[PDB]
Amino acid sequence: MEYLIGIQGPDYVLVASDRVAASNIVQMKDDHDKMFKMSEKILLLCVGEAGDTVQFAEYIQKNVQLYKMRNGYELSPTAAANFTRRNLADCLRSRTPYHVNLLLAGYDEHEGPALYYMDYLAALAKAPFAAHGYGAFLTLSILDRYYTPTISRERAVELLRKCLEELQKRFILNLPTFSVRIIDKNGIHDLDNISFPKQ
Amino acid sequence: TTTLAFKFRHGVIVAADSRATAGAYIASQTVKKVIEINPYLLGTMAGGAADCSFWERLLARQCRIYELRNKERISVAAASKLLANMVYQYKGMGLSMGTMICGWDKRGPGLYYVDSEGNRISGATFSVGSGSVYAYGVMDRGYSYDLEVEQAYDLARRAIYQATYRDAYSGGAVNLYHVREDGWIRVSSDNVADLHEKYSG
Amino acid sequence: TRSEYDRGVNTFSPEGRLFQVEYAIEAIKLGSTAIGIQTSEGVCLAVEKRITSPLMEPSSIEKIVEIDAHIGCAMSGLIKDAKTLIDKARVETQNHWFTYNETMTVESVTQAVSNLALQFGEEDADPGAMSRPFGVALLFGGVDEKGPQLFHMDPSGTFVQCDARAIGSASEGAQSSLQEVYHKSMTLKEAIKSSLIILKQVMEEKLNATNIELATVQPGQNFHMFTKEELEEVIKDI
Amino acid sequence: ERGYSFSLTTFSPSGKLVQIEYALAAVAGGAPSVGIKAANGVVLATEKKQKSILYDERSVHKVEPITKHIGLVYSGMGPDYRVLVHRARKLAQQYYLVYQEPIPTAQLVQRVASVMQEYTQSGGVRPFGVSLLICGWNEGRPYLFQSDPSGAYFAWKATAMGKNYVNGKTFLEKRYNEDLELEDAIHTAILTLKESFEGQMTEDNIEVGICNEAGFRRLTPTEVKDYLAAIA
Amino acid sequence: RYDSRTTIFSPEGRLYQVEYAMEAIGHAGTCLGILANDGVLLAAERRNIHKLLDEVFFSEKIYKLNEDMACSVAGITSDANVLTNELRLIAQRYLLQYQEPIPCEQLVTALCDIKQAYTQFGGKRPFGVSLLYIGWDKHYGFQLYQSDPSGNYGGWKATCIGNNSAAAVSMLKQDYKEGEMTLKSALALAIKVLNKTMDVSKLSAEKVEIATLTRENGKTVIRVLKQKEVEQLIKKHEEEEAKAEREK
Amino acid sequence: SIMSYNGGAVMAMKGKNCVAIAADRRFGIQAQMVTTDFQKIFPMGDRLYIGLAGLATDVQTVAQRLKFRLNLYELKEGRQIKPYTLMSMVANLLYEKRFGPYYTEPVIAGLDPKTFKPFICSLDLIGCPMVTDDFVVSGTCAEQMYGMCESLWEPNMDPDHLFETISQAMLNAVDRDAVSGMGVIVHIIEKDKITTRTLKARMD
Amino acid sequence: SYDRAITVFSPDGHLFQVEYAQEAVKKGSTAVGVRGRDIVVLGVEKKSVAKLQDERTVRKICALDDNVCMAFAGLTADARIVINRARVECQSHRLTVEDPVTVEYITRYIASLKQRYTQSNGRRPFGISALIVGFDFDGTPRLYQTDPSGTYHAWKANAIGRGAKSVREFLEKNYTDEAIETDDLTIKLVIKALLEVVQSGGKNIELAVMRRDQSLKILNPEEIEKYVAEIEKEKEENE
Amino acid sequence: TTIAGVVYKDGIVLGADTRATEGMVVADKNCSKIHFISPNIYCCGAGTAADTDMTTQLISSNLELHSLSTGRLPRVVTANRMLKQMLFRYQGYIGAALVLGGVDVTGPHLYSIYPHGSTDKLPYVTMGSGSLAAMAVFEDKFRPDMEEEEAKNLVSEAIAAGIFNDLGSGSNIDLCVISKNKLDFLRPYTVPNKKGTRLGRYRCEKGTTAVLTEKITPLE
Amino acid sequence: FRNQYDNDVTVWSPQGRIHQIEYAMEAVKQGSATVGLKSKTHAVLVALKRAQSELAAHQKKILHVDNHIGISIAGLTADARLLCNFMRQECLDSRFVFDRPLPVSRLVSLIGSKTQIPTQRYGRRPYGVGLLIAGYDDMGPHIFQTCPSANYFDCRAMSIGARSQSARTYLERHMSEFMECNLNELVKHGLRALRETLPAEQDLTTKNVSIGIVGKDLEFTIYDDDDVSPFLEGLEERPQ
């Protein structure tokens, strides 16, 4: 399924995602965005069951912006992660459960960067790394054997490039293009994608 | 069903067959798929026919209320999101929907695809229904963002006939619409047989 | 001793009058003058703006609004009261265009709005509704299967088909003038000229472009509110 | 000031709710009751005197237990006292069910105070015309509390409310000492009942309950008669 | 007149019931708090200690709400208890939902919203309780907020509420050096204010209720001054007053 | 098989005037492995700790509502929660949803606040309270740890001996199962110090 | 009589409780907002904090959404409640339609909320008037005044609270098309209107400027001294 | 699980096991199944342990409230009526097999409610998985109008046959005796099988386990 | 004020009257007159239409509820309209569940039950509308007059409203022909009744009268200025 690679640097998190939208037979949109801007210092990545993903993501997004606007300051990324976890857990046992996996990664001035994992049951997890979708099994081995606690930005893009090209070689369907972003003291910034010739 | 709607520099077209079937026997061959919900906003057809008609008529009521309350025409994005939410609370107990929200507003000609499953996705090329893949192949072979109005019309008719010809659950008539800053227009309606004669040679 | 019966709408006077409803009726005279006239060619609605300050945005003050492209409205009374009334009327017209997929007649429009009205003393207000009579008099005009039709609505919920009705502060005088100035064969242009004549005779200030809002509904076109240039054209003759 | 002594949801321009004060005045007119906290336990007593000896004194009891170690006495209305007992029992037993542990008396007083102040929240329902005396022993400590019709609750080394409560309070503050023993506490309580009993207490004319490490128990008529004879 | 239920508007616009709920705090016990450079404290008066109160309590006018939240109360006892319980409920609901101690401003605004809702509508008498919340938050360090039965609030570095509150706060602002008091000088200032505002020539430590909030070693500790500690502080201020007068 | 959907392994131990609680660190879905920082052991006090076994998100939810209600109780009473009240409290928290049961089987351990007598307790999915004088385990490794703690435990076990016994028991028990493993956290708490450790077992 | 009842018409057809709530705004504080070509400005008189109040929490000007702001005059608790409700509604509107809330929609919601709070007994009307400002999607400058009666109106530059009549006349006499040519001219007009009633200057004034989607920053108390230096400079310049 | 109940000449004797099993693995060997309700009535539960526990505390609290409101000792018919009403309220969704026996002003009484919610008054009755062996003994050796000590050993050998004919019961025996002037809560009455002695020390001394990191936090 | 006994329907006078109910009764005396007549097989409702001004239409006083049953209102517009929607809903419910027309007596009984609740319970104002009910069922035509005191009467005729005593005494003079009259005869009798109600300066014009007729085979049909024209052509001249 759709991919979400978030890796935590010494003072940054590099979060990555694909840009493919398909309905069970073919890619309708070639520039899909499954990543949502929680605030200036936090972003959300939600995948899994489609349709539920988008409205749930905007509901959480508007909840967190409601918070940052009613109080004048945005949540800490850990607080936002726990908020989303509580919301989805409360809606879990309800008669309309939300079977959507999720990722959450951001930065805080007081402590530093953070990254959080959510299944379609939404149990929390903080790691210097994260992956979602059916390719997660494929690139988890790269994620482990190709990671050090001191990933540098250029080596970070090289490592995500390695994971990306292993997806392109191994994963069954086609992932043409990828969104990857840097989160640091200056906030959120967007980086480029990859492509591969076959001629 | 088979609906194709692709966006280009000049505007957006929409495709529609007219064959309605209940299993094997064709229920009707004179079905208007794309709904003239609003004079500047167009809605498409897929899934349950009555589900689509009811939901699009609800959306038409909603946009008329919006344009009469806010005294401004509703955004295409707003209409697509409204459709998505109003059908979402119905998700899970028997809804069958797939629909394109197509129209031109202040943010340029817009197109979004809504469905019972839950995707409200934008994008240039939209094809849903039985012959969605057949239309997708010909369009992606022929899609260029720079299709001029007459050539866009010609390639539109070409791709739509290819779609209605390659499918087995499609037939009857053809519905074609174009969207511009003054609203939508009914371009043409060419039958399967006459257009067969035209496109055989 | 009336004082024991004005307190509350559910009281009956010794003369059997609804004093709360009568007070709501008289509260219409607090609003600005609105004049609507019915002609074979259509209906035109003329109103006074009563602009408080030149810095005001004239688009904000709404004396005439559209419930549907085929029908028109005029207001006199509380702004918020009429806002709820007009929103309900628009919701109802879309309800009809949903249920029967047709354009619903102006008499039925005033029927439904009066159904929302006269509901102040109704137990169905448990979810929340008017505990007090609605405080705006409504002027409904438009074209339906019976041709051009104009209906005047009373905050009590009563409606009457009127060829030419005037509501607002100068309802009595404007009605008296319309009584002799109205003829059955009056054309739309001469009817609108007469309406602005009555407004000039009635309004507290001079007639300029920012003193009058003008509306027209004809079988041919849809609801048209006179623009600045159209208002200037129709006022330069007078 | 008169237009504000008619509802429980309107503040008097100077002070506070006057209906609460009137409920307190109803309390001060009730049967005198005295509670005393000794070093090792607590004792609370009241006078059951009523005309027409035809009345069955055993039929009703002014001192009732809430649980195995909590007892209460009142001063003021009777039926309101019964209702308060019912609500207190329900609340204490709910706490027991939730926590499977005997209810601490401080929490019981807090909850009963909340329930009685609930009746003071809105109009149409009068506040309880009853003040409560709560006796309890827990964590090696005897607790004595007073619950108010206003929902206020406070502690008391030894207090007395009801009829002639000021004289009883003066007597207690001129009698009570921090090192008092349980039996001497009962003696002081019966003496406090006496100094304004007005009519020669009998074994059944008064009613006294006692709580200690062994829980709370209302004294039987025989022990009451023995203590009355000992005091004489 | 317009002294009926709170959902009324005087022709001049005044909400008379809310006004009376305001002036009613003047009948409550005097309690204050001030903001020190590296500490915050709450000082309160024990107006009712006649002879025989068991003092089976941790604090009467000061009520703790959370590992980080503490407040002082001034109003009717019933509304006081209700307000404290709702404070606990809201603070811990925020903690459960967000897995972070509630910011002082957010909890204060929550209480203020409840209090306003109790005077905005419903025909219910407004909570006649004025609160002095004390607490710490990573967003602004040490903060002190003064509630209000009307439903308003304010951030203050020095505020007294209760009987004789006007004179107390006037002299407090007369003798406040912002940004340059530690905990010790703040304690001395609070004790002097109590000396001037209470109706006693020598206030007893029993009549005084002081709780101090301080952040250290990564954790915020809320402690009420023990009897030994409060008596030492009052005796120190007493000999300090003696020093001031003998020098005078 | 709901237990196998996420799994886990917790154990509680007590000794002479001290308590030791141990828990697994693995977090993973029914088939695939994701993280190793899952928190099954939670501090209900300075000397009170609760271990949870069940669905991961159900574990976190019950832990958070427990912390909320426990802070409510602590604020209401002002006293430290005595662990039998904690066991009845957790039993109620699970049981109050009998028709909607949380498929979570938790565990608690601690000491009496006054006499410093250690106490442990066991809870069932639908909330059956249970207390043992020796030991208690929960998770997917119930059989192995049960058997070898029966064969290994001795009464009146000294604090250093308590730490050694809990460490050996938990490690050699987790060597016998796969879904729960790859790192175990061990918390020994005594009335004087709280030494928080993590024994070095296999990372496999 | 007819005054102590929210939903009782007077014999002369007035809901006197509504007008009394409206008059309650006149006892608030002056708050004037002007919309320019690319800017909208909010000038409010600030209560001089005596010695101890934390000005961070005395917020008179608050933003409902990233595209709308508002200043209020009236009871602060009512203003806080309406602020919370209106920003919650902005977020829910973005939930329903995904696009930024237009000023008309949020002003209509605020007016409808106040109205539903002033049509039944047991519900006291919101005795606050709020000046709604913001830009639409196409960046058109719009400013709205909401009245405790539950109505709203579009104002190019309005003032509320005490002395609002004097500021109204000042704006009538000074609002010109060229007075909004530049941001600095709009600022000069708004500070002039403010100092009309708060003549002390310097402090006791708060300003906020919204340009074409800058997520307005309130003018911080470093260039209010600079901007008032500019104001005094232009003031001694024409005289 | 085994619950048994007899009426003897003067009162009631109750016998309960102590083995609690989840699935096919025993959970605990010394669970308490004799449940305190009243100082004059007692109950034994079987089936879902949590359901038995919670229903027993609920009925005990309600019955304590009843007795305190009345001031009289509660009667068995009252307790069983509320118990059966609340059991039938859930209509078998609770797997709680309880047996209720006690003494009132009318004499000894003993009732047995199956998990579905049916009851009957019996001089002698048992339930549970090991109910077969207990009731076989109940027909084999039981005698009515039979004295206290012989009641004790009767119930003891009945529960002994239960434990030695069923896996889900044993390792302790506890008895509750009800009388108009006696309440004997024997717990344990007699342990039937003590765990065997351990022959080999597994040698768990110091230094046998390595650790990753240290962290010291003092308290008190 | 000794009339503190007329501020709500739930208090009795010291003399045992509900003055609020009496005021509601007198309320329908304000509305315009309306008289009904019934033949062997035909029942007529004739009312005097009133207009706010001559430049506007006359207020409708004859309301159609069902093909066989018809009503005429005199009093508050709001209460009468609400009663009319209630009537229509009940008649439809009867047609749906029983497939038979609602009996006139049964309809009026449910009307009384519905309108008694405001009279008995605090809350809704008493229904101050005088209703004239004319329908057809098994035993022929019925005329039912439902007084706003939640009471109803089976009447040969009734005039309710302003100056209705003149029509009442006209019908009191003219019983002897009502039973045996045909359509035209009863219509002219009713028109003479209204003309008795109407003063000298005014006459029953086309816009002034509203006529509703029901019968065994003829549905409840209401006539207007052009429709009342044939019926008023047979009308005689006013005996002035």
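Residues numbered from 1 in each chain as written, not as in the entry; some residues may be left out. Chains lettered and ligands numbered in written order. Part of a larger assembly, values for the part shown. Heavy atoms only, no water. Residues with missing side-chain atoms left out of burial classes, pairs and counts.

Method of determination, as given in the entry header: cryo-EM; reported resolution: 3.16 Å.

## Side note on the overall build of chain A
Of the regular secondary structure elements, chain A holds four helices and 11 strands. Radius of gyration (C-alpha) of chain A: 16 Å, near the 16 Å computed for a compact globule of 199 residues. Its C-alpha atoms put chain A at 55 × 40 × 25 Å along the principal axes. Put simply, 57% of the contacts in chain A that link residues at least 6 apart link residues at least 24 apart. (Helix = DSSP H or I, 4+ residues; strand = E, 2+ residues; numbered from the N terminus. Rg over C-alpha atoms; globule rule 2.2 N^0.38 Å. Contact = heavy atoms within 4.5 Å.)

## Things to note about the environment of D:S12
With respect to the helices and strands, the residue D:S12 is situated in the segment before helix 1 (18–28). When its relative accessible area of 8% is taken as the criterion, D:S12 is described as buried. The sequence separation of D:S12 and D:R2 amounts to 10 residues, and the corresponding C-alpha distance is 9.3 Å. Setting aside chain neighbours within four positions, we find D:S12 in contact with D:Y4, D:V18 and E:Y20. (Buried < 20%, exposed > 50% of the residue type's maximum accessible area, 1.4 Å probe, protein only.)

## Some details on the packing of helix 4 (residues 164–174) of chain G against helix 5 (residues 183–197) of chain G
All names here are of chain G. Two elements in contact, helix 4 and helix 5, have axes separated by 9 Å at closest approach and are oriented at 145 degrees. Handedness of the crossing formed by helix 4 with helix 5: right-handed. Where helix 4 approaches helix 5, its residues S166, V167, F170, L171 and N174 are matched on the opposing element by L189, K192, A193, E196 and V197. Split into classes, the residues belonging to the contact of helix 4 with helix 5 amount to six nonpolar, two polar and two charged. (Axes fitted to C-alpha atoms, helices over the stretch in contact; angles between N-to-C directions. Left-handed = near helix turned anticlockwise from the far one by under 90°. Nonpolar A, V, L, I, M, F, W, Y, C, P; charged D, E, K, R; others polar.)

## Concerning the pairing of strand 8 (residues 108–115) of chain B
Residue and element names in this part refer to chain B. Burial of strand 8 is extensive: six of the eight residues sit out of reach of the surface. In terms of strand pairing, strand 7 (residues 98–105) meets strand 8 through eight bridges, oriented antiparallel. When the sheet's bridge partners are listed, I101 is paired in strand 8 with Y112. Here strand 8 pairs with strand 9 (residues 120–122) via three bridges, running antiparallel. Bridge assignment links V114 to a residue of strand 9, and that residue is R120. Here strand 8 hands over to strand 9 after four residues, with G118 in that stretch at a positive phi of 140 degrees. (Pairing = 2+ DSSP bridges.)

## A closer look at the interface of chain E and chain G
The interface of chain E with chain G comprises 37 residues on the first partner and 31 residues on the second. Those elements giving two or more residues to the side of chain E that touches chain G turn out to be helix 3 (104–120) and strand 7 (154–156) of chain E. Among the elements that take part in the side of chain E that touches chain G, helix 3 of chain E stands out by supplying seven residues, more than any other. Here the side of chain E that touches chain G is composed, by residue class, of 13 nonpolar, 15 polar and nine charged. Bridge analysis of strand 7 of chain E against strand 3 (residues 53–54) of chain G gives two bridges, and the strand direction is antiparallel. Opposite E:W156, over in strand 3 of chain G, you have G:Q53 as the bridge partner.

## Topic: the interface of chain H and chain F
Facing 34 residues of chain H, the contacting portion of chain F comprises 34 residues. At the level of elements, strand 4 (25–28), helix 1 (49–70), strand 12 (210–211) and strand 13 (216–218) of chain H are the ones that each hand at least two residues to the side of chain H that touches chain F. No other element matches the five residues that helix 1 of chain H contributes to the side of chain H that touches chain F. Across the side of chain H that touches chain F, the residue classes break down as 17 nonpolar, six polar and 11 charged. In terms of strand pairing, strand 11 (residues 193–197) of chain F meets strand 13 of chain H through three bridges, oriented antiparallel. In the strand pairing of strand 13 of chain H, F:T195 is matched with H:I216.

## With respect to the pattern of salt bridges
Opposite charge on two side chains lets them pair, provided their charged atoms get close. All told, the structure shown has 74 salt bridges over all chains when counted by the stated rule. Residue C:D68 pairs with B:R64 through a salt bridge whose shortest N-O separation is 3.6 Å. Placement of the pair is C:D68 in the loop between strand 2 (42–48) and strand 3 (71–77) and B:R64 in helix 1 (residues 49–69), with the two residues belonging to separate chains. Residue C:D68 shares its accessibility class with B:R64, and that shared class is buried. Across the pair H:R201 and H:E205 runs a salt bridge whose closest N-O atoms are separated by 3.6 Å. Under the relative-accessibility criterion, H:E205 is labelled partly exposed at 38%. A cluster of three or more residues bridged by salt bridges with shared partners is formed by B:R64, B:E67, B:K71, C:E66 and C:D68. (Salt bridge = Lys/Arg side-chain N within 4 Å of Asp/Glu carboxyl O.)

## Focus: the sheet that holds strand 7 of chain E
Remark on secondary structure: sheet strands pair via backbone hydrogen bonds, oriented parallel or antiparallel. If you trace the six strands from one edge of the open sheet to the other, you get 3(E)-4(E)-5(E)-6(E)-7(E)-3(G), paired in antiparallel fashion. The open sheet has two edge strands with one neighbour each: strand 3 (62–64) of chain E together with strand 3 of chain G.

## A closer look at the arrangement of the chains
The highest contact count of any of the 14 pairs of chains in contact belongs to chains E and G. The two partners chain C and chain F share no contact, and the minimum distance between any of their C-alpha atoms is 32 Å. Over all C-alpha pairs, chain F and chain G never come within contact, reaching a minimum spacing of 26 Å.

## Observations regarding the nonpolar core
In terms of nonpolar packing, the biggest core is built from 70 residues, with D:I66, D:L132, F:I50, F:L86 and F:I108 touching the most fellow members. Top element by residues in this core is helix 2 (residues 78–99) of chain D. It accounts for nine residues. Contact partners of D:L132, with chain neighbours within four places excluded, come to D:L72, D:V73, D:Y74, D:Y81, D:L84, D:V112, D:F145, D:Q146, D:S147 and D:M161. Core analysis: the next-biggest nonpolar cluster, separate from the first, contains 54 residues, C:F12, I:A24, I:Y127 and I:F144 among them. (Core = buried A, V, L, I, M, F, W, Y, C linked by side-chain atoms within 4.5 Å.)

## Considerations on the pairing of strand 1 (residues 31–36) of chain E
Residues and elements named next belong to chain E. Burial analysis of strand 1 places six of its six residues in the buried class, which makes it a mostly covered element. Neither face of strand 1 is open: one carries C31, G33 and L35, the other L32, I34 and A36, and all of them are buried. The turn joining strand 1 and strand 2 (residues 39–45), which pair antiparallel and follow one another in sequence, is formed by two residues. The pairing of strand 1 with strand 8 (residues 158–161) spans four bridges and is classified as antiparallel. Paired with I34 across the strands is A158, a residue of strand 8.

## As for the sheet that holds strand 1 of chain E
All names here are of chain E. Taken in spatial order, the five strands line up as 8-1-2-9-10 in an open sheet, and their pairing is antiparallel. Because the sheet does not close on itself, it has two edges, and the strands there are strand 8 and strand 10 (219–224). Each strand axis lies, on average, 10 degrees off the axis of its neighbour in the sheet, ignoring direction. Relative to strand 10, strand 9 (residues 208–216) runs antiparallel, the two sharing six bridges. Counterpart to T214 in the pairing with strand 10 is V221.

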